[PDB]
């Protein structure tokens, strides 16, 4: 039938999507800015659709409740038909690929360690062999699931600690984890994706640091409900923009051109 406006689900996560300082004087898609706002405009132009950005109602990425088997977050909005596409830093994972479709990745990343500068930690092994410094992850995301499922000795030891730590070492948002690092005088380290870690490293007050190599290698993809007619075009659009260098330009724009910790 007639063309319909595509409902995009996304998440308030810097620098991917944020509200403009003057958002109350703006309308619709113009209220937002960031890497994924820029990417959404390009995907829509190349695939030939109009769209509406919406922020995921529960503020989560997406996980399946073991008891109810209900998906939450952006994944849930696609699974239950509340959104037509997700354009966000949404990690491609096996369990998600079983229930939604993903484009080829638009950004590479791996799990990484964020410390407050001066913390005597250089690696995941370092974290796993000590107890003075607490550490945790985001809730309802792919990093928590990585540790929950890992059979690698170091990462399983970390999970055994994190799942039982009291008070909870897990946080509701990336911003909460960063704030916990910054206020803990070196006694909390945060496990988060290298993309978000590298962004925060270039933000005032310039007191955090990414240390060690990444723990895994994966990517973010644009997600659609399984079998959606948009998937083929969106996948080709990602590859076209990748090959033309747009994805590299956008990363530089939102990570480094606007960095606050020097050149």
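Numbering follows the first chain given and starts at 1.
Relative to one another, 128-136 and 95-103 have unequal mean CA B-factors, and 128-136 is the one with the higher figure. Remark: stretch with higher mean C-alpha B factor among 175-183 and 73-81 is 175-183. Which of 218, 64, 52, 210 has the largest Cα B-factor in the deposited entry comes down to 64. Sort the modelled residues of the chain by CA B factor and residue 18 lands in the middle third. Per-chain ranking of the deposited C-alpha B factor places residue 214 in the middle third. Looking at the C-alpha B-factors along this chain, the one for residue 26 belongs to the highest third. Compared with the other modelled residues of the chain, the Cα B-factor recorded for residue 118 ranks in the middle third. In the PDB entry, a CA B factor belonging to the highest third of its chain's modelled residues is recorded for residue 261.
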